[PDB]
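Visitor: sharing an experimental structure here, sequence included.
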Amino acid sequence: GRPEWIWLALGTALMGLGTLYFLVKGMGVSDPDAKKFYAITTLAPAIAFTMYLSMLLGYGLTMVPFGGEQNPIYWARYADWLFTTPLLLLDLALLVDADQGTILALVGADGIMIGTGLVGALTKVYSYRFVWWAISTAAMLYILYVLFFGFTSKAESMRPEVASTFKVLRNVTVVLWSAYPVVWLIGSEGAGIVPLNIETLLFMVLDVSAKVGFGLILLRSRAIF
Ligand SMILES: *C/C=C(C)/C=C/C=C(C)/C=C/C1=C(C)CCCC1(C)C
């Protein structure tokens, strides 16, 4: 057992409770719109959980040579994010009745963001790793921009209950998402300042808040109906 296993086991559990809790709740609703929010928001933690459980069994980890040592890299995150991040975005988009072309672009951006962050994490030349990280972040700030400006202004043209739920969900997403690039920069994938075990703790906290925490705020609100 690697020092960080405690945090993988604790994400596993929390994603697990979150997935089943949402599954149940959503299975009892008959409203066709609420069902759609549920399927999507249940699928996120579902994908998370199977990927955290994978990591807890020691898969999804490779050694990458850079700055003269063998650094450990949990590529399994990216497998998870790749599919979970668009899923969250989609929620926000359904919520504000956003245009088809906005969604494609956001997903577009998102693929870019995760794609590059991964290549970042696998690059053997130390310098270049930061070239990818900076592209990934650029792609991300593009996303947040559109959420904050684009989506909010769409939210205005909906009921107060829907708009004010979006805002909460918007704020939560802007706080968590903007932590990730910093964690990566200071963690084992970047500067190797914060060790792997603490890096995992921070990602789990962010992973869980952003899927269990989000789902809970969204799924309890009248605005899904
Ligand atoms: C459920 C998982 C969520 C909601 C994760 C979001 C992850 C990001 C917003 C990742 C951003 C990254 C950068 C901005 C550059 C560095 C590497 C990435 C993946 C960590």
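Guide: Cool, the structure landed. Numbering: from 1, shown residues only.

Visitor: for the chain, which segments count as helices?
Guide: With helices called from DSSP state H, the chain shows them at 5-27, 32-56, 76-96, 100-122, 126-145, 152-155, 160-177, 180-186, 196-208, 214-219.

Visitor: in terms of secondary structure, what does the fourth one contact?
Guide: Helix 100-122 makes packing contacts with strand 61-66, helix 76-96, helix 126-145, helix 180-186 when contacts are defined by 3 or more CB pairs under 8 Å, 6 or more residues apart in numbering; DSSP states H and E. All C-beta spots, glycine's among them, are computed from the backbone N, C-alpha and C.

Visitor: name the nearest residue to residue 90, sequence neighbours excluded.
Guide: Excluding its sequence neighbours, the residue lying closest to residue 90 (CB to CB, 6 or more residues apart in numbering) is residue 40, at 5.8 Å.

Visitor: and residue 67, by the same measure?
Guide: With CB to CB, 6+ apart as the criterion, residue 67 has its nearest non-adjacent residue at 4.7 Å, and that residue is residue 126.

Visitor: residue 218: how many residues sit nearby?
Guide: 24 (other CB atoms under 10 Å).

Visitor: any idea how far it lies from the ligand?
Guide: Remark: distance between residue 218 and the ligand (CB to the nearest ligand atom, to the nearest Å) = 13 Å.

Visitor: from what I can see that residue touches residue 44, true?
Guide: No: counting by CB atoms under 8 Å, residue 218 does not reach residue 44; the two are 10.6 Å apart.

Visitor: show me the contacts for the residue nearest to the spatial centre of the chain.
Guide: In the chain, the centroid-proximal residue (CA atoms, centre = their mean) is residue 85; its distance is 4.5 Å. Neighbour list for residue 85: 110, 113, 114 [criterion: CB atoms under 8 Å, 6 or more residues apart in numbering].
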